[PDB]
Amino acid sequence: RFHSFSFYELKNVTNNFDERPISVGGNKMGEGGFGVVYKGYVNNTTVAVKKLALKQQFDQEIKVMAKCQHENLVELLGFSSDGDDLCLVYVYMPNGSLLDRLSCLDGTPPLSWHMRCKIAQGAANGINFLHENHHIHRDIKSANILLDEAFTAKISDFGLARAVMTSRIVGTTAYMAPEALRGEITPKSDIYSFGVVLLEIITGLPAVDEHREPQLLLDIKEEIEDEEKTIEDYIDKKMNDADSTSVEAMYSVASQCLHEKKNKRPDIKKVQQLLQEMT
Ligand SMILES: CN1C(=O)C[C@H]2CN([C@H]3CC[C@H](Nc4ncnc5[nH]cc(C6CCOCC6)c45)CC3)CC[C@H]21
């Protein structure tokens, strides 16, 4: 079960939803398309409060969280629905997202290859649990992979999760599978998106960068296949412990995940198997 918070409780613990960033002495941690994330303090314990700015995504997040409890899934502590505002309270992840850590945001040291392998395994275990419980994430990306006090990967944002076609195409363009951009809902789309995440882990480069050539990361797969370059040329230079064999092993998994034809992609159980064999 989850704790039922009144809107006034979350108003006070976030210092009246202090929209200034943490760095300037505020409570704002960041923002997405569905809401602003604030740092909160409840009984000497730190929390993450997402104020939604939509009701179906609130209900879906609570529904999926109540059904799915796992080491590699972020934990929901509570919620608020009494006001005209909808809030979701989560366990605070001291090491933020995988995207922020790969970009060494706010002076954090680069993640070692060893830590990156454990994160990839953890994230695959998280997706596996969701698929075993007949749930499709629909928005797998490095920004949706959180890191706890031990750098354990925790898949987040189950607002777009589904228990097939759609008229409302949702997700992050740079990570989305071709059929997902076409309106299809399949667990194979989650596999493709995980393949993009694996490329981000190897390269330390975001999936999309408008001031970069090529703009999209999944295009490096084409340069490697056409023998124009190798994965060795793209290995994150911010690592000192990356070995050619295990990097090529993770790239092989990423390449299999990134097959344009959804039926040629491996299932999450096979992805999990190949990532364990890698280490
Ligand atoms: C502008 N920026 C900054 O000032 C710094 C930097 C951080 N930003 C993100 C903001 C949201 C955050 N999320 C969480 N951080 C800690 N503990 C958590 N527990 C549960 C969550 C989520 C919240 C959303 O719903 C799903 C569960 C969470 C991840 C980092 C990225 C951009 C950068």
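Residues numbered from 1 in each chain as written, not as in the entry; some residues may be left out. Heavy atoms only, no water.

Trainee: I'm lost on helix α4 (residues 113-132) in this one. Help?
Mentor: Think of an α-helix as turning once every 3.6 residues; residues three or four places apart then point the same way. Across its 20 residues, α4 extends 28 Å between first and last C-alpha, which sits within 8% of the 28 Å expected from 1.5 Å per residue. Counting buried positions over the 20 residues of α4 gives 15, a clear majority of the element. Immediately downstream of α4, the backbone of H134 shows phi near 50°, a positive value. (Helix = DSSP H or I, 4+ residues; strand = E, 2+ residues; numbered from the N terminus. Expected span 1.5 Å × (residues − 1). Buried < 20%, exposed > 50% of the residue type's maximum accessible area, 1.4 Å probe, protein only.)

Trainee: Hey, could you run me through unusual backbone geometry in this one?
Mentor: Excluding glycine, residues mostly carry a negative phi; peptide bonds, for their part, are mostly trans. The omega torsion across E213 and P214 is 0°, close enough to zero to call that bond cis. Inspection of the secondary structure puts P214 in the loop between α6 (187-203) and α7 (220-225). Despite not being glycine, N43 has its phi angle at roughly 50°, a positive value. Within the element layout of this structure, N43 appears in the loop between β3 (35-42) and β4 (45-52).

Trainee: Explain the site of the ligand to me, please; I cannot follow it from the model alone.
Mentor: In the vicinity of the ligand, 13 residues are found, and the nearest of them are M29, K50, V91, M93 and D100. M29 has a polar backbone atom sitting 3.2 Å from an oxygen atom of the ligand. Contacts to the ligand include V91, whose backbone N or O atom sits 2.8 Å from a nitrogen atom. When the ligand sits alone it has 670 Å² of accessible area, and the protein chains cover 74% of it. Among the cavities detected, the one that contains the ligand is the largest pocket. Among the elements of the structure, β2 (28-31), β4 and β6 (86-91) are those that each provide at least two residues to the shell around the ligand. Across the shell around the ligand, the residue classes break down as 10 nonpolar, one polar and two charged. Of the domains in this structure, domain 1 (1-92) and domain 2 (93-279) are the two that each give at least three residues to the shell around the ligand. (Near = heavy atom within 4 Å. Polar contact = N/O pair within 3.5 Å; in protein donor to acceptor, adjacent residues only side chain to side chain. Areas by Shrake-Rupley, 256 points an atom, 1.4 Å probe, with all protein chains shown as cover. 1 Å grid on protein atoms, 1.4 Å probe; cavity = no way out; pocket = protein on both sides within 12 Å on 5 of 7 lines; lining within 4 Å. Sits in = over half its atoms within 2 Å of the grid points. Nonpolar A, V, L, I, M, F, W, Y, C, P; charged D, E, K, R; others polar. Domains from an automatic or database assignment.)

Trainee: When you look at the layout of surface pockets in this model, what are you seeing that I'm missing?
Mentor: Considered as a void within the structure, the largest pocket measures approximately 1,200 Å³ in volume. Lining the largest pocket are 41 residues, with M29, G30, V37, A143 and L146 sitting closest to its centre. Along the lines of polarity and charge, the residues of the lining of the largest pocket split into 17 nonpolar, 14 polar and 10 charged. No fewer than three residues from each of domain 1 (1-92) and domain 2 (93-279) sit in the lining of the largest pocket. Considered as a void within the structure, the second largest pocket measures approximately 330 Å³ in volume. Along the wall of the second largest pocket there are 18 residues; nearest its centre are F2, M65, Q69, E75 and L76. (Points joined across faces, edges and corners; volume = space filled by probe spheres on them.)

Trainee: I keep staring at the sheet that holds β3 and nothing clicks. Help me out?
Mentor: An order of β1-β5-β6-β4-β3-β2 is seen for the six strands of this open sheet, with the pairing classed as mixed. A strand with exactly one partner marks an edge of an open sheet, and here the two such strands are β1 (3-4) and β2. In this sheet, β6 lies alongside β4 in antiparallel orientation, the contact comprising six bridges. Paired with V49 across the two strands is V89, which belongs to β6. (Pairing = 2+ DSSP bridges.)

Trainee: Sorry if this is basic, but what is going on with helix α9 (residues 268-278) here?
Mentor: Every buried residue of α9 is listed here: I268, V271, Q272, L274, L275 and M278. In an axial view of α9, the angular spread of the buried residues amounts to 165°, which keeps them on one side of the axis. Along α9, the residues that are exposed and aim more than 90 degrees away from the buried face are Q276 and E277. In the core, the buried residues of α9 are packed alongside α4, α6 and α8 (244-257). (Arc of directions from axis to C-beta. Contact = heavy atoms within 4.5 Å.)

Trainee: What should I look at first to understand the domain arrangement of the protein chain in this one?
Mentor: Think of interface size as the accessible area that goes away when the parts come together; that is how it is often given. Entries for the protein chain in the domain assignment read domain 1 (1-92) and domain 2 (93-279). Contacts between domain 1 and domain 2 engage 17 residues on the former and 22 residues on the latter. With both sides pooled, the region where domain 1 packs onto domain 2 buries about 1,700 Å², and carbon together with sulfur makes up 64% of that total. One can count one salt bridge joining domain 1 with domain 2. Between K50 and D157 there is a salt bridge; the shortest N-O distance is 3.4 Å. For the pair domain 1 and domain 2, the interface holds seven residue pairs in polar contact. (Buried area = accessible area lost by both parts, 1.4 Å probe. Salt bridge = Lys/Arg side-chain N within 4 Å of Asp/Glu carboxyl O.)

Trainee: Is there a simple way to think about the pairing of strand β5 (residues 76-80) in this case?
Mentor: Within a regular strand, side chains alternate between the sheet's two faces. Among the five residues that make up β5, four are buried, leaving the element largely enclosed by the rest of the structure. Where β1 lies against β5, two bridges are found, and the strand directions are parallel. In the strand pairing of β5, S4 is matched with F79. Counted between consecutive antiparallel strands, the loop separating β5 from β6 contains five residues.

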